[PDB]
Amino acid sequence: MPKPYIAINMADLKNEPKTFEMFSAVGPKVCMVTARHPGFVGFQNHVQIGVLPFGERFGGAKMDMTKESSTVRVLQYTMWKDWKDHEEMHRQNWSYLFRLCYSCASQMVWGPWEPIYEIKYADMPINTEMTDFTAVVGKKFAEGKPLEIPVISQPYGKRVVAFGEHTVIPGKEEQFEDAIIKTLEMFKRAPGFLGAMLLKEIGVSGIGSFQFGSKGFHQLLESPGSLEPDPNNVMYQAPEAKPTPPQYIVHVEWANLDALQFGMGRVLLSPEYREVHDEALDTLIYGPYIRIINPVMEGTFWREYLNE
Amino acid sequence: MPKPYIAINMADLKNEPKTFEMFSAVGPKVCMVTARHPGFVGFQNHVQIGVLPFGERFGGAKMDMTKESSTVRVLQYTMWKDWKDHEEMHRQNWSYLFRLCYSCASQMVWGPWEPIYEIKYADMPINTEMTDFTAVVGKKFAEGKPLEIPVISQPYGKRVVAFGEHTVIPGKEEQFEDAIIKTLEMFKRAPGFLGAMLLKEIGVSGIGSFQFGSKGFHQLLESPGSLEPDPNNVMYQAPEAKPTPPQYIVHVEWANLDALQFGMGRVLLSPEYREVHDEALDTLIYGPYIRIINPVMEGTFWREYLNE
Amino acid sequence: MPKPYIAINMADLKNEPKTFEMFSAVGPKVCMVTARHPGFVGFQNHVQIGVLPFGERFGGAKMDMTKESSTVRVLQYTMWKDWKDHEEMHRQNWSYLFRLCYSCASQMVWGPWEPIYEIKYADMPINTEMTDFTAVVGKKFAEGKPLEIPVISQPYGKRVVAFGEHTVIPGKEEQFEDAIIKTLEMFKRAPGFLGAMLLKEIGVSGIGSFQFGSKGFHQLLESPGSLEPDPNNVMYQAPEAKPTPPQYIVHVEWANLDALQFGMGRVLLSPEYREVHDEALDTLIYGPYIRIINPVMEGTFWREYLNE
Ligand SMILES: [Fe+3]
Ligand SMILES: [Fe+3]
Ligand SMILES: [Fe+3]
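Residues numbered from 1 in each chain as written, not as in the entry; some residues may be left out. Chains lettered and ligands numbered in written order. Part of a larger assembly, values for the part shown. Heavy atoms only, no water.

Per the deposited record, X-ray crystallography is how this structure was determined, to a resolution of 2.7 Å.

Chain A is annotated in the PDB entry as Sulfur oxygenase/reductase of Acidianus tengchongenses.

This next bit is on the overall build of chain A. Summing up its helical and strand segments, chain A has ten helices and nine strands in all. With respect to the principal axes defined by its C-alpha atoms, chain A has extents near 55 × 45 × 40 Å. Across the 308 residues in chain A, those meeting the buried criterion constitute 60%. Sequence-distant contacts, at least 24 apart, represent 86% of the contacts inside chain A between residues at least 6 apart. In chain A, 30 side chains carry a positive charge and 38 a negative one; their mean positions are 2 Å apart. (Helix = DSSP H or I, 4+ residues; strand = E, 2+ residues; numbered from the N terminus. Buried < 20%, exposed > 50% of the residue type's maximum accessible area, 1.4 Å probe, protein only. Contact = heavy atoms within 4.5 Å. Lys, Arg positive; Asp, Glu negative; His and termini not counted. Charge placed at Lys NZ, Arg CZ, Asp CG, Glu CD.)

Residue and element names in this part refer to chain A. Bound to the iron ion (ligand 1) on the protein side are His 86 (NE2), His 90 (NE2), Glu 114 (OE) and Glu 114 (OE), at distances that span 2.1 to 2.5 Å. Considering all four donor atoms around the iron ion (ligand 1), angles at the metal cover 57 to 128° and the coordination shape is irregular. Looking at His 86, the relative accessible area reads 1%, which means it is buried. (Donors = N, O, S within 2.8 Å, 3.2 Å for Na, K, Ca; no water. Tetrahedral: all angles 85-135°; square planar, octahedral: opposite > 155°, others 65-115°.)

The next thing to look at is helix α2 (residues 83–92) of chain C. Buried residues of α2 of chain C: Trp 83, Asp 85, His 86, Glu 87, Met 89 and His 90 of chain C, and no others. Where α2 of chain C is buried, its residues contact β1 (5–14), α1 (17–34), β3 (71–80), α3 (94–102), β5 (115–123) and β7 (193–204) of chain C.

On to the UniProt feature "binding site: Fe(3+)" (unreviewed entry) in chain A, then. Residues and elements named next belong to chain A. In the numbering adopted here, UniProt assigns the feature "binding site: Fe(3+)" (unreviewed entry) to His 86, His 90 and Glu 114. These annotated residues cover 29 residues of sequence, and their C-alpha atoms lie no more than 11.7 Å from one another, placing them together at a single site. Leaving out residues up to four positions away in the same chain, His 86 has contacts with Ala 7, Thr 78, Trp 80, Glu 114, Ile 116 and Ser 205. A polar contact of 3.1 Å, which involves the side chain of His 86, links it to the side chain of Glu 87. Its location among the elements puts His 90 in helix α2 (residues 83–92). (UniProt positions renumbered as here; feature names shortened; annotations may be inferred. Polar contact = N/O pair within 3.5 Å; in protein donor to acceptor, adjacent residues only side chain to side chain.)

Residue and element names in this part refer to chain C. A cluster of acidic residues, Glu 174, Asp 178, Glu 275, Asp 278, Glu 279 and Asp 282, forms a negative patch at the surface. Of all the secondary structure elements, the ones that give two or more residues to the negative patch are α5 (173–186) and α9 (271–281). Top element by residues in the negative patch is α9. It accounts for three residues. Looking at the element boundaries, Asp 178 is found in helix α5. Looking at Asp 178, the relative accessible area reads 53%, which means it is exposed. (Patch = residues over 30% accessible without salt bridge, like charges linked within 9 Å, V, L, I, M, F, W, Y side chains within 5 Å. Areas by Shrake-Rupley, 256 points an atom, 1.4 Å probe, with all protein chains shown as cover. Salt bridge = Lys/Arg side-chain N within 4 Å of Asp/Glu carboxyl O.)

Below you can see the structure in the form of C-alpha cells.
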C-alpha cells in the first residue's frame, strides 16, 4: 500500500492572537523535530473553524464560527509507517518536544490528547495546486493512465474537511464500517469531493497527551519550561487505552463549505444515499458530530506514501 | 443507605442571554416533568464557570471564565432510586420532555450527552442556609447527636464544586478508588470543605443523549418542535455503553473558589496528602481535568434520601 | 508540640499587573516544589498592603497603600520540622526552584532575602471558614472540650496581619520576650484577635537569598534562565548570619484593619496594657515598625502541626 498509522493531537486554546503567534513560531519547530525519525512520513494540521448544524439540531453552531468562538481546537495529524515509531520519536526527542509544547501552556484550555488511529478505508489523492494540473494531465496521458488523473485537492488551507465523530455499539462494528465505506464511495458522485477515509482508534499516546504517573504529573505542574518530566514515567501503553465502545472518525474532504454541506447532506437528501447510510446510523452510540476543520499546514507527501 | 443512581446531562450552549432566558423558562418545566416518576429523588443542576489551571498547565484557563467564554456547559444531575427509573421517565414522558429540550436547539453547540453513574463513595451533607444553623444546632443537641451537626453547605448557587474527570487504566480500578476515597476523607481537615463523592460511569442513556437509530435520527433532524422521534428507536441499552477504560468523576464541594483551590491543592502542597494521592495518579489514562461548576438550581432533598 | 521553624522570603517587586500575573503562574509551582521534602509542613504567603502609622509618626503611610504604592513586598512563610530541612530542599530542588524564581527577575527591585526564625511563643488557631463553625462546635462538645473551640480565623485573604519589626539591645533579650509574650496574652481580651507569635531570627538562608560566592554571583548575573548557579557555592551557613543585636518579629493576626488598629493600639490606650508593654519598649534598638500584611495563599495545615 501502505496505509500509514495516524496520531491526532487535540487541544483547545485561547482564540486570541498570542495563540496564533505561538503557532507561527513553534508549530514549525515541533514538526521539524518530528521529522528526525524515519518512520515519520508526513502530516496534516487542522484548525477547527466550525460545526455542521444539521438544520438546527445544533442551533448555536455554524460552519464558520471563527469570528465568535473564544477558544480554538487544533487537530494535528502525524503519519507513521508504524505507530510504535510515533511513541519512539516522542521518547527520543523529549527534551526538545516537551520544552516546545510547553511554551504554549499559557494558552492551553484543554489537551493535549493524542489518540492513535489505523485506517480502515482511504481514498485520498495527491495534493496539487491549480498551477500543476497541466503537467499532471500531461504526464498521465504520456503513460496512458487517464484514470489516474485526480480532482484538484488544493494544499495549505484551500479546502475544507468534515471531521465526523462516531462511537459504535459493541458487536455492530462490521455493519458500520461496511455502510460508511460504501457511503464514502458514493460520495465520489458529489461535486467538490476531494477524498475521504475511515479512521479507527486503537489506543492513546499517553506521552503525547502529557499523561504520566504520579511523578511525571508533578514535574509537569512544577515545570519552569526548561526541564522535562521523566518520559519513562508513562504508566500505560498506547493499546491499553483502546476504547470500548469502538471509536471512529469519518474524515471527508470537500472543495468548499457548500460542497461539504450539500455533498454530505446527500445521505439526508438523496434516497439512494440515505438508505445505505441509515445502516451506519443503526449501530451508533455517539454521533455523528461533525466538526468543520481547515488543513492549514501540511506535508502533502504523506499522501505519496499512502499511494505507493 | 441509600446511594441513589446519578444521571448527568451535559451540553454546550451559546453563552449569550437568549440561552439563560430559555434556561429560566424551560429548566423548571423539565424538572417538573422528571418529578412525575416516583424513582426521582432530587437533582443538582450546575453551570460550568471555569477550569482549575494547576499553575499554568492550563494557561488560557481560570476558575472564573464566565466573562470571556463564548459557550457555556451545563451539568444536570438527576438522582434515582434505580437508574432504570430514569430511562422509564424519559420514555413515559417523551412528548413533553422532547418538545421541551428542543426549544433550546437554537442554542445548542454540542450535546445532549447523559451518562449514568453509580456512587462508590459519598460524604454529602444536607444543605442549610445561614438562617437554619441555630435550629440545626438546637435539634441535634436535643437528641444528644452533636456529631451529626454538619458544616453549612449553602444551596442555590452559594458554593462551588470541583468536577474532576478521570479515566483509569484497566486493572488499576481498585488502587484508584482506594486512594481517591482516602483523599476525600483527608479533605475533611481542609477549611471550606462541604463534601464529596466518587462517581463511576456504568453506561449512557441513549434516549437522553438523543441517540436513536437511523429512523429517530431523521425525525430528530426533521423535527418542527411539535413531534417526537420514536423513543423505542433507541438501539442500545445504557450498560452496553459502559466504557473501557473505566471513567470516574471526583465531585468535591467547597465554600469558595479559594477554599477549593487551596483545599484540593493540598494533594500538591501537603506531603501527607501528596503521598496518598500519588497512587491515584499512577493509575490514570486521562486526568485529572478539573472543571469548576456552580450548583445553581437544585432539589436539595435528594440528599435527604442519600442519608436515610 | 511541635513549634516548626520558619523561613521568611522577602522581596520587593513592581506593583503592576505583570507581577501579579507571574505570582498566579509560578507561586503555585514553587510551593509544589517545596512540598517535595518531608520536613515541609505548610506555609503562609503574605502581600504587604500597608503600614501602621501610629497617629502621624508615619504620615505618608496608611494601613492600605495598595492604591498608591509603586512596589509591593511579599513575605512568604514556609514551615519546617527542622530549619536544616529548608536548606536541603533548596539544594535538592535547585534547578526547578532557581529557574522558577528567576522568571520573576524582570519584576524584582530588591530581594530575595530569606532569614530563618525560631518561635519563642505561639498562640495560633486552626483556620476555619464561616461554613465550618457548626461542625467545629459540634465535635468539641461531643468530646466535652469547649475550651478547644477557637475564634474563626478565616483562610485565604480574609483576615489581616500586623508584622512588627524589633531589634533588641544586647543583654535585654529576656525583658523584651517576657513583656511581649505577656502582651500577646492580654491581646486575647481584644475583639477580632485571631492569634499571634513571637519570632526570633537565628540566621539567614544564603541560598534562598541568592547569596553565593564570587562564582555563583557571576552565574546569577549571567543567567539566561535555563542554568543555575552552583548551589554549593554558598560561602556561609545559616547561623553564621545570626544578627547581633538580636532581631524579632511580633506577628499578630486580627479580624480586620480596625480590630488590628484598636487592638494593638491597646498598648497605647489601655493603662493596664500600656504599662506591661512599656518594658518591651525599654529594650529596643529599632522598632516597632509595623507592616500590615495579607495572608493571601496558605497551607493552613502547618497549623495542624504546630498544635499536635
Ligand atoms: Fe505526537
Ligand atoms: Fe435525563
Ligand atoms: Fe526558601
